[PDB]
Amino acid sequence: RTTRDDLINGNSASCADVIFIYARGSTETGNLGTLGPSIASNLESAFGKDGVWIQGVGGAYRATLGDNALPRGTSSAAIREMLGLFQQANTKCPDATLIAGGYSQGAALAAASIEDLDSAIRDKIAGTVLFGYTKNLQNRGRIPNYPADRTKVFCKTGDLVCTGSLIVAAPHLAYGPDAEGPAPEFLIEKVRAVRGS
C-alpha cells in the first residue's frame, strides 16, 4: 500500500540487512505514491519480509508541484528531511546496505540530498533508481559526487522533464512496468554485488 515507515518504526535490535529510502512524485499519496508499492513487493519476494525495510520520505516533504521551479528542483526543507533519514539509517543500523530511489520531483530530491551528504554515509548507498528525472539534462544523467555504475535512470522517449522542461506529458506517467520488473531486478543485483551469498 502507499505508506511504509519501516525505518522510523523499526527496532534497532532487529535491523534488516537492506534499507530502501524512496521519494514520491508531485501530488502523490502517502510517502510511496504510485510506483513505490510495486518495487516493494518484488524486494520482499527476494529478501523476505524481515530482510528488507521500506521507508518513504514524508515529514517536511509536501511534494508541492510549484517547488519544481526552485533552484535545486525541490525545497530546502525537503532536502533537510531526506538528509535526516539517511543519517537516521546510518545511526540506527550501521551495518545495513542502503538503496534509494525517486520519481519526478522525488528524483531531484534524491539527487540533491545525496550530493549534500557527508561522504561516509553516501558511500553506503549501493544503488539508486530514478524515474522521470527532472534534472537529467542539467546534471547530464548523473547525481553529483555519486558513481555512474550505481545509478540507473529510466527516462522514456517523449517525457519532457528529462529534456530540460517542466511540462508533464503522457510518457511521464508510464513507468509502472519499469517499477514492476527492471528497477527491482537492478537494486537486487546491486545489493547482491556487495553483500553476496
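So that there is no doubt, residue numbering starts at 1 and follows the sequence shown.
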Assert higher mean C-alpha B factor (159 to 167 or 42 to 50, deposited values) equals 42 to 50
Can you tell me which stretch has the higher mean Cα B-factor, 120 to 128 or 87 to 95?
87 to 95
Which listed residue, 21, 179, 187, 15, has the largest C-alpha temperature factor in the record?
15
Tell me, lowest, middle or highest third: where does the Cα B factor of residue 71 rank within its chain?
highest
Ordered by C-alpha B-factor within the chain, which third holds residue 145? Give me lowest, middle or highest, please.
highest
Please say which third, lowest, middle or highest, residue 64 falls into when its CA temperature factor is compared across its chain.
middle
Within-chain third of residue 7 by Cα B-factor, per the entry:
lowest
For residue 29, the third of its chain into which the C-alpha B factor falls:
middle
